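Participant: one piece of my complex first, more on the way:
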Amino acid sequence: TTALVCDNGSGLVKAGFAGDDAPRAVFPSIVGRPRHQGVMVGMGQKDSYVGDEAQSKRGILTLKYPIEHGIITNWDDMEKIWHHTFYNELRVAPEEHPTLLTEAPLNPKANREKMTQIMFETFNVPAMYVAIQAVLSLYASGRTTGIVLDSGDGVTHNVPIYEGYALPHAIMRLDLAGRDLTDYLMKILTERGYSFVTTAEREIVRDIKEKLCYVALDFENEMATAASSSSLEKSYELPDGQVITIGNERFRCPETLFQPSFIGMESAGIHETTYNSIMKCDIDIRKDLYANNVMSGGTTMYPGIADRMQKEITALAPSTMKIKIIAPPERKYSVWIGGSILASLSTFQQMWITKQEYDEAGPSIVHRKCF
């Protein structure tokens, strides 16, 4: 039987089959509800719109994210996301197809418990697995050793692996990713005059961030360049036809990833997080983590981030070590591609959490069987 990989990220659900190269169904994880009064009777008036339909009719909908910082808050909304991504996107029956899910490290355990219980009682499977995203990213990079910075839409985590042995005391989680960048861009877009308050306008500011934003190599020189001349300014067309023009806010929005104190967080940026995750490891393997800095996630999809990361780690590391940022062009879907490796591996077939094991051991086998 062919398997399913369903990366339930905070922003974008990426679901599809096993053995494929690209994910079949990429759609954002929002649940929309109508907030006005319907006057036309009938017309297929649904009480809820899930996914890209909620992207389409978004001017009359309140959009709720079921996932915040890797932790599923609303569980009926997550059931609606899973029902949509099984029955509408893929059009599959989960009773005859295995499923691998991805999970951030340092997650609360009851999230995994309710994920296992919904996947075994509501959408009950022959088998399923819950894995760590950084192991799948290092699978898709094609190497055995390396440190992975995975930054989705809620969770930025650094996990180092040497020779297939992960070090659990060096795992570093930071709750700063693209949704906080979207909220900070909504905060700083009001400086120029453009106001975005609703949940519908969050998608517009997210589209502005996806199309126009980039990581600056030097923040002070780019701020002096944007203050001096209007060469870095770019224009964008809104859905109502109005045209906006933004300047330094193209690079101030991803600069929260290297300076969290803009949004009031005490913790350091991603480069010192990666450097402290390197320095928490044992002393022999650090050189083998210095040359294999694998990036993944959509938030590392800016076209300035690899050279900035190389500059900051080269500033932090000793000078006699080679810093090599592994940045593949397909790093956005890469965790899914790692699942398409790991579902296809012949040695993984004994590592399924079967239904008989769940019915024997309760919902307690998921802690001792997984990581």
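Facilitator: Yep, it's here. Numbering: from 1, shown residues only, chains lettered A, B, ... in the order given.

Participant: just the helices in the stretch 201-350 of chain A please.
Facilitator: Along the stretch 201-350 of chain A, the segments classed as helices by DSSP state H, counting those that start in this stretch run A:219-228, A:249-252, A:270-279, A:286-290, A:305-316, A:334-342.

Participant: dump these to CSV, plus mean neighbour count and distance to residue A:122.
Facilitator: For the C-beta atoms, the positions are set from N, CA and C on the backbone; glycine is no exception. Listed next are the helices of the stretch 201-350 of chain A as CSV, based on neighbours: other CB atoms under 10 Å; distance: least, CB to CB, whole Å:
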stretch, mean neighbour count, distance to residue A:122
helix A:219-228, 14, 48
helix A:249-252, 22, 43
helix A:270-279, 19, 37
helix A:286-290, 18, 41
helix A:305-316, 18, 39
helix A:334-342, 25, 22
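
Participant: which of those helices sits closest to residue A:296?
Facilitator: Counting by CB to CB, residue A:296 lies closest to helix A:334-342 out of these; the figure is 4.9 Å.

Participant: coming back round to it: and of the helices of the stretch 201-350 of chain A, who's closest to residue A:188?
Facilitator: Each of these was checked against residue A:188 via CB to CB, and the shortest separation belongs to helix A:249-252, namely 5.4 Å.

Participant: what's in contact with the closest one?
Facilitator: A:185, A:188-189, A:191-192, A:212-216, A:219, A:222, A:226, A:232, A:234, A:262, A:304 (CB atoms under 8 Å, 6 or more residues apart in numbering).

Participant: for stretch A:36-55, same thing?
Facilitator: Judged by CB under 8 Å, 6+ apart, the contacts made with stretch A:36-55 from elsewhere in the structure are A:13, A:27-34, A:57, A:60-61, A:63, A:80-81, A:83-85, A:88-89, A:203.

Participant: which of those count as buried?
Facilitator: Taking 16 or more other CB atoms under 10 Å as the criterion, what is buried in the contacts of stretch A:36-55 is A:13, A:27-32, A:61, A:63, A:80-81, A:84-85, A:89, A:203.

Participant: now flag whichever of those residues is closest to residue A:273.
Facilitator: Using CB to CB, the shortest approach to residue A:273 within these belongs to residue A:29, at 25.4 Å.

Participant: mind listing what the closest one touches?
Facilitator: Contacts were defined as CB under 8 Å, 6+ apart; by that measure residue A:29 touches A:8-13, A:51, A:65-67, A:81.

Participant: hmm, 7 Å instead?
Facilitator: In this structure, residue A:29 makes contact with A:11-13, A:65-67, A:81, judged by CB atoms under 7 Å, 6 or more residues apart in numbering.

Participant: can you add chain B next? sequence is:
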Amino acid sequence: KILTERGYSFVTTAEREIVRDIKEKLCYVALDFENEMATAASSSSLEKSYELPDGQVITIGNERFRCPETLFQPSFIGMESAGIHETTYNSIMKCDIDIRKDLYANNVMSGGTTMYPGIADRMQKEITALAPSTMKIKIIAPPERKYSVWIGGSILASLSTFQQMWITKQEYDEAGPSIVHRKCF
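Facilitator: Time to bring in chain B:
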């Protein structure tokens, strides 16, 4: 008020039907008000004649397009409100920002007061001047728009799904004459 400029007096309620017939038959909406006023002031080409039921003949000039200009300019009759094109633009701009591209393509006009044969091009010019230039300004003005509201009632009363939304005698006798607020819009 303005037909007393040329020597024709209409003060009774019987005469309001005659002035309403003059407004229904001869009046039209100018595309540009200043150019049409200069054209009517220059040459006697826009002047038309109407026959009163006693047998007298009246002749009117610029009053064919000064009477429906008050819809696009309420300050003729002393009102602080803006015109119908700016009211339509403000009702579009009060909506959410995602849906406006549909609404600029779907201006729907109804009622007999939009039955003048110059109103759609003037409305398109005013909304096209107000909207940004990347928007397709479409105005749907069917020729049967005088009774179309009634036709929409004949749409709604013949619907199979409208059979559950009636306010019956028993619900009226239960809740008094106050259930029509909670049941309807």
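
Participant: please re-evaluate the contacts of helix A:249-252 in the presence of chain B.
Facilitator: Helix A:249-252 is contacted from outside by A:185, A:188-189, A:212-216, A:222, A:232, A:234, using CB atoms under 7 Å, 6 or more residues apart in numbering or on different chains.

Participant: which of those residues fall in strands?
Facilitator: Within the contacts of helix A:249-252, residues falling in strands by DSSP state E are residue A:234.

Participant: wait, residue A:219 sits on residue A:255?
Facilitator: Yes. At 5.8 Å, residue A:219 counts as touching residue A:255 under the criterion of CB atoms under 7 Å.

Participant: please identify the residues of the stretch 151-300 of chain A in proximity to chain B?
Facilitator: Applying CB under 7 Å from any CB of the partner chain, one finds that the stretch 151-300 of chain A approaches chain B through A:200-201, A:237-242.

Participant: neighbour count and distance to residue A:155 added to those residues, as a markdown table?
Facilitator: Formatted as a markdown table, the entries for these read as follows, by neighbours: other CB atoms under 10 Å in any protein chain shown; distance: CB to CB, whole Å:
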| residue | neighbour count | distance to residue A:155 |
| --- | --- | --- |
| A:200 | 24 | 25 |
| A:201 | 19 | 24 |
| A:237 | 11 | 32 |
| A:238 | 19 | 31 |
| A:239 | 17 | 30 |
| A:240 | 21 | 34 |
| A:241 | 15 | 37 |
| A:242 | 14 | 34 |
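
Participant: neighbours around residue A:35, how many?
Facilitator: Using other CB atoms under 10 Å in any protein chain shown, the number of residues around residue A:35 comes to 12.

Participant: how about it, what does it touch?
Facilitator: Applying CB under 7 Å, 6+ apart to residue A:35 gives the contacts A:60-62.

Participant: buried set for stretch A:35-52?
Facilitator: Residues of stretch A:35-52 classed as buried: A:48-52 (neighbour count, 16 or more other CB atoms under 10 Å in any protein chain shown).

Participant: give me phi/psi at residue A:217?
Facilitator: Dihedral pair for residue A:217: phi -70, psi -50, per degrees, to the nearest 10.

Participant: contacting residues for residue A:265?
Facilitator: Taking CB under 7 Å, 6+ apart as the test, what residue A:265 contacts is residue A:176.

Participant: please apply the same query to residue A:62.
Facilitator: When contacts are counted by CB under 7 Å, 6+ apart, residue A:62 is found next to A:32-33, A:35, A:199.

Participant: could you check how far it is from residue A:82?
Facilitator: When distance is defined by CB to CB, to the nearest Å, residue A:62 is 21 Å away from residue A:82.

Participant: got it, and residue A:201?
Facilitator: Following CB to CB, the distance that separates residue A:201 from residue A:82 is 27 Å.

Participant: chain C next, sequence below:
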Amino acid sequence: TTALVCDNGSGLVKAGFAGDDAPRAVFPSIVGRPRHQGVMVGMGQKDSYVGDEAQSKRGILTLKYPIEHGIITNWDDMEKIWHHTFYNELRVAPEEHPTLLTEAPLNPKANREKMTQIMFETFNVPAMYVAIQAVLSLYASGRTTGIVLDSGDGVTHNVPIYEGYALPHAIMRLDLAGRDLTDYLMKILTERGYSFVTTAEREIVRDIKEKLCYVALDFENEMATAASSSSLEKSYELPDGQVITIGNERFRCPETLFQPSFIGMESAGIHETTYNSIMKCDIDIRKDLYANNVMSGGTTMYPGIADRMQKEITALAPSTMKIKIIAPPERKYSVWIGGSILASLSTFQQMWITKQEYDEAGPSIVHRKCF
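Facilitator: Now chain C, sitting on the chains shown earlier:
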């Protein structure tokens, strides 16, 4: 040299000297223009009337508000407001008196640019400063810590401050205040047969809202009581002599402050805004913020709002917290009173933005110097 405090609110300009308890010149910010054909020659027929004169002759005037939601749109009309509030009300020369101004948080920066430019070029003061209204309200309360909900005619903002240290990532702005309540009362007065469409009638509906309206402690029990018996109904005399009588619209008008979905806004009420601004803060200051809910602004001048605010915050907070809504009786002018504090402090004298610093650095020092 005696300083000046000029709170340019959205609805009412409050200007006066420093060192004084009560504001000297409180007048609404409207610019009137005649819309009818003047037939009597001579007689001093001005083309514009500013302030209380525009209130006096309002039957033959179109009244324009130059400020909408804290953002000054018409700037020549705002120059007429400032020329009237300096030369006619206060009767002062602006070039020999410093003038602090107030500003809503999360304002567009070009408003501050043009405000600084007109305050340094047209009415060329020796020095000025632009501050935040909620810090002035926490000055006038007498305390140091606390969260301030300032609700004027355009802007309702929540700002938390602990020990003189604000948290700018928890400042929450909502564009729902007394002009939206006046327009909602103009919408719901048409149910009883009374029509109010012009801008002259908006002053009458605003006066009805100021005299008769109040905040219900519970909305549903008050609605059932007003639906049952006509005991809550009150009468009011129009200037033409007609007597109106209103029932539940006394408490349906400020209930939009606790339920914004009456006017089609997606965001939550002011109590949920205060609770989310408290929960956005750090944890160890939160017990100090629950006990110091300071309210200011005229929109918090209803005679039911402190008990409703205490009930809603105590419903939202955990039960072992002492909720204390600080509602002084002089909270309508209290922001100005805080300006009378801050202009009179001895340590504030080094914090003026001078004329020479403006001429050195352009109109760009107001972002770097102010908060």
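
Participant: since we added chain C, can you redo the contacts of stretch A:36-55?
Facilitator: Contacts to stretch A:36-55, defined as CB under 7 Å, 6+ apart, come from residues A:27-28, A:30-33, A:57, A:60-61, A:63, A:80-81, A:84, A:203, B:159, B:161-162, B:165, B:185.

Participant: rerun at 6 Å
Facilitator: Taking contacts as CB atoms under 6 Å, 6 or more residues apart in numbering or on different chains, the residues outside stretch A:36-55 that touch it are A:27, A:30-33, A:57, A:60-61, A:63, A:80, A:84, B:161.

Participant: and that stretch, end to end?
Facilitator: Between the opening and closing residues of stretch A:36-55 there is a gap of 17 Å (CA to CA, to the nearest Å).

Participant: so what's the residue in the stretch 51-200 of chain A that chain C sits nearest to up against?
Facilitator: The nearest approach of the stretch 51-200 of chain A to chain C comes at residue A:193, 4.3 Å away (CB to the nearest CB). Shown here is residue A:193, whose contacts under the criterion CB under 6 Å, 6+ apart are residue C:108.

Participant: name the nearest residue to the residue most central in space within chain A, ignoring sequence neighbours.
Facilitator: Averaging the C-alpha coordinates of chain A gives a centre point, and the residue nearest to it by CA atoms, centre = their mean is residue A:152 (1.9 Å). In space, residue A:152 comes closest to residue A:9 once its chain neighbours are excluded; the distance is 4.6 Å by CB to CB, 6 or more residues apart in numbering or on different chains.

Participant: tally of neighbours for the one you found?
Facilitator: Other residues near residue A:9 come to 24 when the count uses other CB under 10 Å.

Participant: ok, now the one 5 residues further on?
Facilitator: Neighbourhood size, residue A:14 [other CB under 10 Å]: 25.

Participant: residues in contact with stretch A:281-300?
Facilitator: Under CB under 6 Å, 6+ apart, the answer for stretch A:281-300 is A:137-138, A:141, A:145-152, A:160, A:162, A:167, A:170, A:177-178, A:278, A:317, A:321-327, A:331-332, A:334.

Participant: not counting sequence-adjacent ones, nearest residue to whichever residue of chain A sits closest to chain B?
Facilitator: When distances are taken as CB to the nearest CB, chain A reaches nearest to chain B at residue A:59, 3.2 Å away. What sits nearest to residue A:59 in space, not counting adjacent residues and going by CB to CB, 6+ apart, is residue B:98, at 3.2 Å.

Participant: quickly list what residue A:4 is bridged to.
Facilitator: Counting by DSSP bridges, residue A:4 is bridged to residue A:17, residue A:99.

Participant: so it touches residue A:97, yeah?
Facilitator: Yes. Contact between residue A:4 and residue A:97 holds when scored by CB atoms under 6 Å: they sit 5.3 Å apart.

Participant: all good on my end, thank you.
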